[PDB]
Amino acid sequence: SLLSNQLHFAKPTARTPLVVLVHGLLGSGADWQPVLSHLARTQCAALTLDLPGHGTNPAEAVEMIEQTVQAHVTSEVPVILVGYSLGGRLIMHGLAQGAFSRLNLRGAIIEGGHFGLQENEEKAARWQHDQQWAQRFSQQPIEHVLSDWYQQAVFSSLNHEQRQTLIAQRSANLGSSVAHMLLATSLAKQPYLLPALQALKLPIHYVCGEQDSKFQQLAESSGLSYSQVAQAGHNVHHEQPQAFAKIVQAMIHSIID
C-alpha cells in the first residue's frame, strides 16, 4: 500500500534529485501544479503524494510517506522533502523521530509547519479548537465550513476571489475524512520538534509569507535558515509559485551540479 502518488519530469537518479512535495490539510498533490510548472526548467524529478483522507481517493502517515518515497528511489538518489503546513509538520516529525533514515536525504523545506506547542494549557485549547472544526467538517455542509476555514488569520493575505476559488476547489473533499486526519494529527498531540531539528546535520529551510504574522514569528524565532516571501501569507506555493520554485531550485543547486 502506497499513498496516491505521481512522479514528474524525470527518472530520479544520483544525478537528478527527487523533490517530494507533501500538501497540507484539505489539499492534494494537485496543489503543487503551479510550482511544478516553474520547477520543470530545473533538472530534478518530483513526487507528489496525497495524504490519507485526501485526493480523488479519500507515526502512520509518516510511515506511509516514507514508504511511498522509498518506492521511487534507491539509496543513491538524493532526496529533498518539501511540506506545506500539516505536510511540513509530518516531515518535521519524521525527521525528529529518525523515520527517513533509509533515504539519502539531502535537505528539507518546510512551508508554514508548526514546531509544536510548549505548554499543556495551549495543547488543551488546541484540542478543543481542532475538535470543534472536526465536528463541523463531520456534519455541516463543507462549503459553509470552508468559508470559515478560509477566514483564519493565516489566510489574511488572500482576497475574496482567491478565497472563493479555494472554497470551490476544496469542496470536493470528504468532510469526515478531513475531520479524522485533523484530529489524528492535531497540533495538540505534537511533541515540540525544534530542538531535535536544530540538532540534525540535514539542512532544513523554513518558508513563510511576510503577511502571515503567526508563522513569520515562528520562522524568525526558530534559529533555522528561512525565506520570508513578500506578498504572500501562509500558502506561499499558491500565492507566489515562482518565488517558491526558486527556493526549491536553490536547494537542488546546493546539492548537485
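Numbering starts at 1 and follows the sequence shown.
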item	value
Absent coordinates between residue 58 and residue 59 - deposited residues affected, binned into four classes	4 to 9
Comparing 63-71 with 193-201, the one whose average Cα B-factor in the PDB entry is higher	193-201
Residue range whose averaged C-alpha B-factor is higher in the record, 208-216 or 49-57	49-57
Peak C-alpha temperature factor (PDB record), options 106, 93, 114, 102	102
Residue, from 85, 157, 152, 162, that the PDB entry assigns the highest Cα B-factor	162
Lowest, middle or highest third - CA B-factor, residue 4	middle
Cα B factor band for residue 145 (lowest, middle or highest third within the chain)	middle
Third assignment of residue 35 from its chain's C-alpha B-factors	lowest
Residue 26 - Cα temperature factor, lowest/middle/highest third of chain	middle
Residue 230 - which third its CA temperature factor falls in, relative to the rest of the chain	middle
